[PDB]
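So the structure is just underneath, and the comments pick up after that.
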Ligand SMILES: Nc1ncnc2c1ncn2[C@@H]1O[C@H](COP(=O)(O)OP(=O)(O)O)[C@@H](O)[C@H]1O
Ligand code: BEF
Ligand SMILES: [Mg+2]
């Protein structure tokens, strides 16, 4: 129970957890461990843990939170021998695995047995497991089948400052659960918390602040912000490799393309430095999320030895995204370059699209990056921006992800957890209640939720897609319209911002190009033609940047759309959604597609006010709109399906496609149930087309 007791147990010749003998590596590691800052307050932790259900723990980067606290908790439950496990949630998978291996080494056990990790598509745990590291998403997935989380006695949310929606949702679930289960302990850890906020959230939970730090990190700033960070970073790296002594380098960049380019740019410069200045060898390892794990774990490889003794030291440079921003202890790292940028998610409500954008990091992010040094040995962090900018310009904390995300998918994931009430589901920073309710009923009409508010198999499958639920339903139900691939492409195109560029000046030319890509019946089909042209010109080998520039298309969003198409396709193949397509020569090649649109966009339909008028009254609510000027369709029919709603001098609908009113009554009967449908001119029109159908189909 008390610290001295646990420490007395740790000194045992025989391992209390396996019954095997402690190797002296365990004891050397142990003597190293007891010099950590958090250790010097171990008891102070225990009697807080003993007397409180929820605890907030704050210690500087490298204090020993992630690796020592779960072990403390483990030794505190020693005399009881509970069948329940201890869970620790890292924000990234690499972190979870690395730390899991580390703690497995510290407890002198085999990884996967007593100490293990758990990630999607890979469970490294056994029936012997008492300590489990995992990602917050993985725990969030386990919570779907076990809403009480009976398998765990203590849960430790780590790096909870990131405010990722998985972390937020976890905090809310655990907060609601803590009133239900009193046998569950909850710890919240970070080096960069808004402590008072998290305390206030968890019923004024106590705070433990460990002031000590292992090794110092010498942070430096640039006298003036650099015009371009990339080559500023590369120049900094080369300057380190040249002037600075022995030590591995760590550099943070935004994207993967940028990382590769910078990687072999650094390589090409380094080789010249070798051939001209007799500099030591440098091995450059890239690191990003879409990499295969076996390449990700190559960053732990030892730095190359000097060419011959007494010569310039060889070293290892790691160019990575922000996945290495937290929780990583890469031994050998001394120098850390911080350009101060990250690819952060933003969200467009009108077009319903999530998109990434390079933005300045937060202060917490910067401190977290610099914290990757001074863990095993004293380090330095070269921040490529003014100290004044860091103190008075950088955001103090990362803006919550829930507020930058599609609430329909979020709500879908909440009902996926079985959260019966949302408005009184206490999120730390809750989204607008009405938006959540509208999201709920919109999910109800899409047959993703029952009238009772539970997951439809359709909705459950739609959650597996990285898309707006409507778009996802469209894609899933597309094979029933005999045009899966085309709808896949259209989906991927609607998953990205507007690919057509229409400059404020000289928009005539843009209209002319778009007219050359035009399809008379719908703008969606025009998008399809644009993508097909793109893939053709790419197939030739023609330069696609200049090609997109000339034909007034956005290379960024077309490329993004393409990658999205690949990923989506592989997902469909994984869950067994068959990709089929009617031949182009077929009579109903386009009608199939146009019908498949209504599978998900039946709620966004506009009817012409009257034959002579240009004004449209939308099916949703009753708002007067016009067809957006940038439209392709020459003569828009009485009924159109629109993908966007814009509000300017007058309200428009954008990216429209002509449909037939019968398709509405066919594809979405429950929504267009004329028995209970709202009174209005639309109901009248639909009753007319109905009556015609009755006539002809009773005639036989
Ligand atoms: N894989 C490892 N190899 C060597 N030393 C490590 C490793 N992981 C952690 N350490 C040491 O243990 C200390 C505690 O690290 P950690 O618990 O991850 O800190 P925190 O979780 O507080 O950020 C570090 O300062 C580091 O010196
Ligand atoms: F605070 Be430590 F770097 F996880
Ligand atoms: Mg940590």
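As a convention, Cβ positions derive from the backbone with ideal geometry for all residues, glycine included, and neighbour counts pool all protein chains shown. A short reminder: the numbers here are calculations on the coordinates, not readings from a lab.
When each of the peptides 49-61, 290-302, 349-361 is scored by how many other beta carbons lie within 10 Å of its residues on average, the order from highest to lowest is 49-61, 349-361, 290-302. Remark: C-alpha extents of segment 487-549 on the principal axes read 32, 28, 21 Å, sorted largest to smallest.
The order of 499, 571, going from fewest to most other C-beta atoms within 10 Å of their C-beta, is 571, 499.
The helix-only estimate of mean residue ellipticity at 222 nm for the chain, built from DSSP H runs of length n ≥ 4 each weighted as -39500 (n - 2.57), is -12500 deg cm²/dmol after division by the residue total.
Between residue 452 and residue 228, the modelled labels are 6.1 nm apart [label points 7 Å from Cα along Cα→Cβ]. Each Cα pair under 8 Å and six or more residues apart adds its separation to the average, and for segment 214-398 the resulting relative contact order is 33 percent. Each peptide in 335-346, 620-631 was scored by the mean count of other Cβ atoms within 10 Å over its residues; highest first, the order is 335-346, 620-631.
To the nearest ten degrees, helix 24-33 and the longest principal axis of the Cα atoms of the chain are 80 degrees apart. The relative contact order of segment 166-275, computed from alpha carbon pairs under 8 Å that lie at least 6 residues apart in sequence, is 15 percent.
Listed from fewest to most Cβ neighbours within 10 Å, the set 642, 72 follows the order 72, 642.
Across all directions, the shadow cast by the convex hull of the chain built on its C-alpha atoms averages 36.8 square nanometres. Considering only beta bridges that DSSP places wholly inside segment 23-173, some 15 percent are antiparallel. Extending each Cα 7 Å along its Cβ direction at residue 603 and residue 700, get the distance between those two points in nm, one decimal. My value for the distance between the label points is 4.0 nm. Ordering 464, 142 from the fewest to the most neighbouring beta carbons within 10 Å gives 464, 142. Of all beta bridges that DSSP places with both ends in the chain, some 35 percent have antiparallel geometry.
Note on residue 679 and residue 261: with the Förster distance fixed at 45 Å, the Cβ-Cβ geometry gives a FRET efficiency of about 0.15. Please work out whether segment 1-142 counts as rounded, prolate or oblate from its C-alpha gyration tensor, where a ≥ b ≥ c are the square roots of the eigenvalues and a/c under 1.5 means rounded, while otherwise a/b larger than b/c means prolate and anything else oblate? Note, shape of segment 1-142 comes out rounded.
To the nearest ten degrees, helix 484-494 and the longest principal axis of the Cα atoms of the chain are 70 degrees apart.
Computed packing ranks the peptides 449-459, 511-521 as 511-521, 449-459, most packed first, by mean other Cβ atoms within 10 Å. Distance between the C-alpha centres of segment 499-555 and segment 667-700: 39 Å, rounded to the whole angstrom. Taking the C-alpha atoms only, the angle from helix 681-699 to the longest principal axis of the chain is near 70 degrees.
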